[PDB]
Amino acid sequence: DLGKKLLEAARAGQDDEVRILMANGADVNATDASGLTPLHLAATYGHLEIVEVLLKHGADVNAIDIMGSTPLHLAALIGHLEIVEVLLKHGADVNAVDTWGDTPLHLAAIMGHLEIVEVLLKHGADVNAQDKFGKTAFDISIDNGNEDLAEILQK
């Protein structure tokens, strides 16, 4: 089962192994038990070169796991700016919503990734998107007293 080995290589950052597995028929869109694909794992663990390779070999840039997380949600949560940009250039849905009502904008605002917040806003992230509790990214900035983030959201 090359799909299982491709999941492990994407998470571990083994570029050579990813190319080899793809060349031998490995499923680029294989999923683990929770619906995570090689693209979700490479984006979570910050392997930029693997993200680009998978995207040029049929990876679904908008795949969702069982919790509705896309690779963009994970990249924005962990704070990988360069991966966020590659995902957006390849058609990632900037306003994708997970099972908690969170968009990538919400996750980048929560974790204080201000540069990622700016990138998302420049790509059309919705400031009026509410999570399951009714909070927008601006509400989060106000409730936590993050003046730096609140200024960015007003720009």
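Numbering starts at 1 and follows the sequence shown.
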So 120-128 or 102-110, which one's hotter by mean CA B-factor in the entry? 120-128
Reading the B-factor column of the entry, which of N95, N62, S34, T37 has the highest value at its C-alpha atom? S34
Considering every modelled residue of the chain and its Cα B-factor in the PDB entry, is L55 in the lowest, middle or highest third? lowest
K89's Cα B-factor: lowest, middle or highest third of the chain? lowest
Using the B-factors in the PDB entry, rank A137's C-alpha atom against the chain and give the third, lowest, middle or highest. lowest
How does the C-alpha B factor of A42 compare with the rest of the chain: lowest, middle or highest third? lowest
